[PDB]
């Protein structure tokens, strides 16, 4: 569907691994419908909130992950940063353009932990003059592969640490204690053809080590950014990351296991959990018998290079930028913290605070969780790891960033590091460093993409170009009324 479409947000009981539970779904499916368009399109995505189950929230808001939203900050999605939520029985039109981006993206609820309850799907923007197009034969709905964590317990009823119950690949998977006749996803190929696999993590938490028995890949895209082709045989993919990986169907006609091994919950592949099937045309309709061969060329982020020269902003030394924030990532008193502050949402969305006249840095709410950035400047952030519950994949809205230092990398790369929008911060001893330029007025979230951690405070808002935000982001009438509608709701109807 798309670029112009209604998207109904509904409650439905579903059982993707055989266990039935209530859910919040775009288009009544898990994952939601694939949204598509072409580079340069105007997306007009009319989100119709038909939710009735208070246990997963009747309100909603959708984030279109990876899009810059230049001049449409109001459409970015995060509840109480960029909008008040959409209220049940109402619609809201996300109306934005994608002039300068093409690649593999996704969308998800950005209200509390609601995307874990099912509101997530893939979003692909095709490039009619894609520089990589001659490297593959097939690129369509059938080559999108979503990796999802699935919980038997509703997000708002979770007790203690959330642990995914089942891995779902294209919405299908087996649970370790579930029916073994539960359907496995099948990726269909024909011998001799080449496939652009668009691998999308729609995870609320775990990372996945992705592989296909007896096959390898050339990575050609990273979080929307074209890369030099990189030959790999396994891909660790963190929450919200995307890769395009070209697969050549060059093995004998048969069935081959597709493997997505999570870092938490039940790991491995006993009984066909954490698995899907690559089936060549002409093979029996049956489960694979193939063996996981050792990974001789796993993806390492420092090996990724942009296809086109993307010069690193600033100078080639630590702190060689206009603005440095060495962010202190911590945990105390039951909450995650950035520079000592746990994010909790304000009653007035940050964008509305600014648009209504609050332009002094000290007055923006929540106090301690908003950092103003001046417009037209080079920025360096460090995200030194060690804090519990990792590895934490950090995400910056409104921007891509250069990963000048990856997890596990000591010496920064100021020449040709990859540019992306979700980065693994790693563990103790890592000091992930990212750079970008402030070219996009408005408030933009920076947070851990483990949704449980965002809920527990692991976020900060960058109010970029506060005094340019009003001129840059004219708002539509329906956005202007969201807070009035939402604040009028009874507490049981939120």
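Positions refer to the first chain, counted from 1.
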* Mean temperature factor over C-alpha atoms, higher-scoring stretch between 159-167 and 80-88 -> 159-167
* Structure fact -> Comparing 290-298 with 349-357, the higher average Cα temperature factor in the PDB entry belongs to 290-298
* To do: Between 52, 29, 69, 60, let me know which has the highest C-alpha B-factor in the entry?
  => 52
* If you check the C-alpha B-factor for each of 120, 259, 335, 198 in the entry, which is highest? -> 335
* Structure fact -> residue 44: CA temperature factor from the record, placed by chain third, in the middle
* Rank-wise, by C-alpha B-factor, drop residue 189 into the lowest, middle or highest third of its chain. => middle
* Taking the entry's C-alpha B-factors for this chain, is residue 240 in the lowest, middle or highest third? -> lowest
* **Among modelled residues of the same chain, the CA temperature factor third for residue 466** => highest
* To do: Place residue 23 in the lowest, middle or highest third of its chain's C-alpha B-factors, as listed in the PDB entry.
  => lowest
